[PDB]
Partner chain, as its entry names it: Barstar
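Have a look below at one chain only, the form deposited without the partner chain, in structure tokens format.
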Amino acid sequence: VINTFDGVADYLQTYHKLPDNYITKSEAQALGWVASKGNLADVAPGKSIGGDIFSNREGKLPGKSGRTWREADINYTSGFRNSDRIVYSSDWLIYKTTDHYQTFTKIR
């Protein structure tokens, strides 16, 4: 699967889309994912959550009109979601967070 910072960052700026192992939260729930039981890997084998819009209300990510932030989970294999996310924009800017969106650093 493609689910590393560099792998997803590079796929995204190229293909302008997420790798095929990503599914949205509502998609995952439709299949039976229940966040409380950390069972993603049981109902959606080899899938990661990714593609949901990140609103950016604590203004920490660079704002602009026409720009939309989207997030994807990084390094997940199974169990409960980790704290790693890739935050990507409409204009292909790429940021990462390894602390549940407290702090962000630019990667692309």
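Numbering follows the first chain given and starts at 1.
Undergrad: Regarding 83-91 and 14-22, which shows the higher C-alpha temperature factor on average in the entry?
TA: Going by the record's values, the stretch with the higher mean is 14-22.
Undergrad: Out of 67-75 and 49-57, which one has CA B-factors that are higher on average in the deposited record?
TA: Result: 49-57.
Undergrad: Ranking the modelled residues of this chain by C-alpha B-factor as given in the entry, is residue 102 in the lowest, middle or highest third?
TA: As the PDB entry reports it, the C-alpha B-factor of residue 102 lands in the highest third of its chain.
Form solved in complex with the partner chain: not shown, discussed below.
Undergrad: Since only the chain is shown here, I'm wondering whether residue 36 would be in contact with the partner chain in the deposited complex (any heavy atom pair within 4.5 Å).
TA: Contact with the partner chain, yes.
Undergrad: Examine residue 69 and determine whether its closest non-hydrogen atom to the partner chain in the deposited complex is within 4.5 angstroms.
TA: Residue 69 lies outside the contact set for the partner chain.
Undergrad: Is residue 64 close to the partner chain in the deposited complex, meaning a heavy atom pair under 4.5 Å apart or at it?
TA: Although the partner chain is absent here, residue 64 would stay clear of it in the deposited complex, with no heavy atoms inside 4.5 Å.
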